[PDB]
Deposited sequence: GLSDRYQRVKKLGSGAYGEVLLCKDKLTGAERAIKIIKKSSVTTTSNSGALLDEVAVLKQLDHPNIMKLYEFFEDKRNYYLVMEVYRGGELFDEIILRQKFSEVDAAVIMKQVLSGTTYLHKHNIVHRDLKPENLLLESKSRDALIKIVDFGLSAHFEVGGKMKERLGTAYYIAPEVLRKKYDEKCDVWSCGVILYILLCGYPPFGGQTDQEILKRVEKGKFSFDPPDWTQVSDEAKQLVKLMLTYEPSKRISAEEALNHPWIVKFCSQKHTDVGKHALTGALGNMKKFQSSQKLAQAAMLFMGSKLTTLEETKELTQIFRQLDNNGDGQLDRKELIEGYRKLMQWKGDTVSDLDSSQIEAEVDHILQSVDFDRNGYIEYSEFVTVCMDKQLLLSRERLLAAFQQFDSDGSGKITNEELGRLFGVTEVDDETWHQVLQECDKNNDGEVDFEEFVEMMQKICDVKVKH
């Protein structure tokens, strides 16, 4: 009943899910965020909201996400945005064999130019983090695109490393983005966050205290200009913190963007590889457990659905009935659903009238088997030593940010049984 055809989920953003969709008109792919109106409280009014939307539609900067369309109906708001296929910035950094302060400045000039442009348009990101730094494509010269900013003044519904102390007190302005930028920069220069901890609670307590250091051996050979910039961006008092524009024009950016010898960041890069891979493995594990719970829920639900459609109570359904049941699971357009059911009837199978419980298992086993192969990818990027095992300590960092050795098979079993316990 619209213009877009859903292809798949890309992931999550502030206030809702982001779907890869096909524009039926031109065939072009778009990233579409859906904000379910029930999931938000409006803290302003429709005119104020639509005013920001009009500003968001006008943003045209090389380092800033483009917004094509904003529309709505009774249930949802829809934001139609560009798809970026270069991946997250830090996932690309950790593929490198070398990294210098020049490289760090070339990155930060882009982040700071975009952030300066947002602030000039009175737009605040408010949750700026590396995952919101997307490479536009796989092109060699791909630009960093900042995504997911805006709308914080209009809606109310890891990431703890990047949050300004004033945001924790819910009394902030655009200066909060400068702090997040300063955290990202700190990590670029030494490879670990300035405010650490094993849990969100621990991290945030360090954030609110506001103390950090430039420790040896990491910070020894870092330029005086870089440390000064970090200090200015991580100034505790928002009113005394430098602006995005002043950071952009800071001597460190000017000096290092005019060009890797005297200012290599080899140790930083090694740390970043460990930092990013462990973060991505925690994320993958959370998503896997997330998927396992959803699969068990939808299993029981689809069984109840099919049971109601089973008029004679023989535990069997034909193709058309199966489709009707699949439709009802989504409710808890028709052209796409028939494909998934038919492709699922391949393993199910000829007779035309099948036991729906078998359809249920085969349907969800394909969900569980798909979940593993996504966790596996993250496990492989994490497995920097040749062991193919995760230690109890590494596993402690994982579960301690989630809710003497173990291989991938044992790891999966440890998580699937945790979804039972």
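**Asked** So which bits of the deposited chain never got modelled?
**Response** The deposited sequence has unmodelled segments at 1-2, 160-167, 270-273, 347-355, 373, 428-445, 464-467.
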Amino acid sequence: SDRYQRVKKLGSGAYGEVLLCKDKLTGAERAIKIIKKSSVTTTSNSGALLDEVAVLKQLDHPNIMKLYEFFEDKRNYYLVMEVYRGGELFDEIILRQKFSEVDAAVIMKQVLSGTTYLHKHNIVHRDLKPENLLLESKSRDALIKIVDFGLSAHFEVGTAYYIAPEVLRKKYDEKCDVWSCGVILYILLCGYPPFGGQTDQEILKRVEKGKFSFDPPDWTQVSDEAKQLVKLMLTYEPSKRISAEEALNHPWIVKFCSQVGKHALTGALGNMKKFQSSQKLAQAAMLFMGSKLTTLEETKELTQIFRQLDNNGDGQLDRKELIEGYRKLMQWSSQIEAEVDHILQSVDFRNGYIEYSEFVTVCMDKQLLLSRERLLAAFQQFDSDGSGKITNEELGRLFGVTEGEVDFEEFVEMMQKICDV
From here on, numbers count along this sequence of modelled residues.
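**Asked** Hey, which bit's got the bigger mean C-alpha B factor in the entry, 101-109 or 290-298?
**Response** Stretch with the higher mean C-alpha B-factor: 290-298.
**Item:** Higher-B stretch (mean Cα B-factor, as the entry records it), 268-276 or 198-206
**Value:** Going by the record's values, the stretch with the higher mean is 198-206.
**Asked** If you check the C-alpha B-factor for each of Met330, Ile184, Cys257, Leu95 in the entry, which is highest?
**Response** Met330 has the highest C-alpha B-factor of those listed.
**Asked** When you compare the CA B-factors of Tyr326, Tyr192, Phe212, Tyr161 as listed in the entry, which one comes out on top?
**Response** Among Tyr326, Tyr192, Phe212, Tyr161, the highest C-alpha B-factor in the entry belongs to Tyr326.
**Item:** Ranked against its chain, the third holding the CA B-factor of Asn122
**Value:** According to the entry, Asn122 has a C-alpha B-factor in the chain's lowest third.
**Request:** Divide the modelled residues of the chain into thirds by Cα B-factor and specify which third, lowest, middle or highest, holds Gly87.
**Result:** Lowest third, going by the recorded CA B-factors of the chain.
**Asked** For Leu56, does the deposited CA B-factor place it in the lowest, middle or highest third of the chain?
**Response** Within its chain, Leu56 is a lowest-third residue by C-alpha B-factor, going by the deposited values.
**Prompt:** With respect to C-alpha B-factor, does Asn63 fall in the lowest, middle or highest third of the chain as deposited?
**Reply:** Its C-alpha B-factor belongs to the lowest third of this chain's values.
**Asked** How does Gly388 rank on Cα B-factor within its chain, lowest, middle or highest third?
**Response** Highest third of the chain for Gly388's C-alpha B-factor.
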